[PDB]
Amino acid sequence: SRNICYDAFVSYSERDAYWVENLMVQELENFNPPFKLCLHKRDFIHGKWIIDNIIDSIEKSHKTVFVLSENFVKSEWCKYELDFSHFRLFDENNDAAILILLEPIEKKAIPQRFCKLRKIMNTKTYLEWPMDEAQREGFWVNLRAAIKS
């Protein structure tokens, strides 16, 4: 396109919206230099359809960031379990997604048909949002690193 690319497309839920739209934005969009983000629940076109918003954002951004939380799992995850004929390269070998664990998640409760997700949890690969405020600086450092990895 003209230059309408993005560093990351961030999918998350409305309940976690404050964190993403304040905390993450200040550490990324307001970083220096800054990152260009497509925020799932802030930049989606109203008229445009759902699947177009998703597929389109994903394709227009270098990476996809999932902000995992109990609520995000119940309310937004499924669409990401079962996917269909669009990534001619299969997301499984397409840079992989960046996962952020905003809060802990009782994987016992996590369905079981959520194969991808369960893996994720076990693989224990994700940037865990620290309870200790003294350790959040490092977190953002890791986040930016990952997005630009």
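All residue numbers refer to positions in the sequence shown, first residue = 1.
- Taking the mean C-alpha B-factor of each stretch as recorded, 90-98 and 115-123 are not equal, and the higher mean is that of 90-98.
- The PDB entry records a higher mean C-alpha B factor for 44-52 than for its counterpart among 65-73 and 44-52.
- Among all modelled residues in this chain, the alpha-carbon of residue 28 has a temperature factor (C-alpha) in the middle third.
- Annotation for residue 105: C-alpha temperature factor in the middle third relative to the rest of the modelled chain, per the entry.
- The entry lists a Cα temperature factor for residue 142 that places it in the lowest third of the chain's modelled residues.
- The deposited CA B-factor of residue 39 belongs to the lowest third of values across its chain.
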